[PDB]
């Protein structure tokens, strides 16, 4: 039950952030909606920093770890919204931006995970 509240509180803040950022920015550049990209990049960054940080604080309450990762990052990032954007582009015959979206989302999210991990790793060293 305490773990469930972590997922819901964190998840709700994540989902809400995604919704606000997406409705505000997605329509600015429809070939690669930047609101959906930014939330995936930002979640990639937070989970990377969480990765490095939680390793060094092994006595942190599982509540906070679960609220940040499964909750916030899990709620903030989205695979389904990325997929329909890509699916729509494929159906529109816009194959170059369908590929670019997939690559920029995947490559971008892993880069931001690395940046999050190594910035904190370099700070502690």
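Positions refer to the first chain, counted from 1.
When the C-alpha B-factors of 57-65 and 38-46 are averaged, 57-65 comes out higher. When all modelled residues of the chain are sorted by CA temperature factor, residue 29 is found within the highest third. Among all modelled residues in this chain, the alpha-carbon of residue 98 has a temperature factor (C-alpha) in the middle third.
Sort the chain's modelled residues by C-alpha temperature factor and residue 9 lands in the highest third, per the entry. Residue 22: CA B factor in the middle third of modelled residues in this chain (values from the PDB entry).
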